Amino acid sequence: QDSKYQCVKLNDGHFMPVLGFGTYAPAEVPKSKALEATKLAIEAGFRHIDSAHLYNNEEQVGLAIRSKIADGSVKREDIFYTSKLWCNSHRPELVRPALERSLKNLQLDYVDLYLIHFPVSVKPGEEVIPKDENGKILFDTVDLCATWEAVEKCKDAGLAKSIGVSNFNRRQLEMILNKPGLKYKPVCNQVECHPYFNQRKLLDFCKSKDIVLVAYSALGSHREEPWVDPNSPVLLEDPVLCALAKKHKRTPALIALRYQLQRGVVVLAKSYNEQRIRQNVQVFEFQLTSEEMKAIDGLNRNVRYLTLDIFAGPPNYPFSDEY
């Protein structure tokens, strides 16, 4: 709304800040950078911090969070920290060890939110993306409902305050929602969402089920090759976003973030730049008109930056369905 500490009530009674700090950085960015950036994010007013085992940064992100708690800047209760279960630990018996491993790296006792990162399961082991000779990904067959049950036990244990999913399509959400003996609905579905891929149908569906849609790559993504097609249009270079930025005396990034806030979406924003980190929290300072929101709706162009198509094949690959 108008305060950078604004939150939304999740379906389990916990509260999530509507603006989150994204912590992923491309492989070529030195791992030391995550520490300072996360500290700066907290100093700027970010409270919701998003990471995952896959991002290989939890040790640094954890260090930053704990440093800010230690110096009195924030209390643990005011930080909303998200981790995610990777595809190599979908087997029910491997779920808790994965969360405990993340917690050990963070040196924290609980996460505020734990997500199933991506619905396609891969063979268990140290390698996050296991491959045979020939370079073919080794997939594993796991019942996602069984995975969910094990995630539910993590909430029972108090290791995760809230639980949810990421990169799930409508069918996959329904599979969890319709599961016999379901204990906890997912609080959220974290998916790619920006003016070029606005997710209207999935957003409406999540809302109908009391599931929050959390937008990742909301500024058009890190554009890291080969995960993102280098020939895809650059979101922040959009002429309409630029024109709206000029009208409001803001920036294209701020317009893209504000768009999500006004349509009921919780939005992430990654930056490792001091000026841009401070800039992003200014999203709460202005409002887009209904006419401008409509103009941004028009930017929709079916550009999905993160296809994760290396995981295409198994029926659980989520992006084949309409939504």
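What we label the rigid core is the largest C-alpha set whose atoms superpose within 1.5 Å from one form to the other. Position 1 is the first residue in the sequence shown; the rest follow in order.
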Exercise. Following superposition on the rigid core, is the mean squared CA displacement, expressed as RMS, greater for 38 to 46 or for 25 to 33 in 6 other deposited structures of this protein?
Worked result: 25 to 33
Exercise. Once the rigid core is matched, which of the two stretches, 135 to 143 or 108 to 116, lies farther off on average in 6 other deposited structures of this protein by C-alpha?
Worked result: 135 to 143
Exercise. So which stretch wins on mean C-alpha B-factor, 301 to 309 or 18 to 26?
Worked result: 301 to 309
Exercise. What stretch has the higher average Cα B-factor here, 127 to 135 or 99 to 107?
Worked result: 127 to 135
For this session: Would you mind finding, among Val120, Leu244, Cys206, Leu115, the residue with the largest C-alpha temperature factor in the entry?
Result: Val120
Exercise. Which is it among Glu93, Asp229, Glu237, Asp156: the one with the largest CA B-factor in the entry?
Worked result: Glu237
Problem set entry | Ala150 - Cα temperature factor, lowest/middle/highest third of chain | middle
Exercise. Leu40: which third of its chain by C-alpha temperature factor?
Worked result: middle
For this session: Just say lowest, middle or highest third for the CA B-factor of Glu291 relative to the other modelled residues in its chain.
Result: highest
For this session: Among all modelled residues of this chain, ranked by Cα B factor, put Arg276 in the bottom, middle or top third, i.e. lowest, middle or highest.
Result: lowest
For this session: Would you please rank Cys87 by its C-alpha temperature factor against the other modelled residues of its chain and give the third it falls in: lowest, middle or highest?
Result: middle
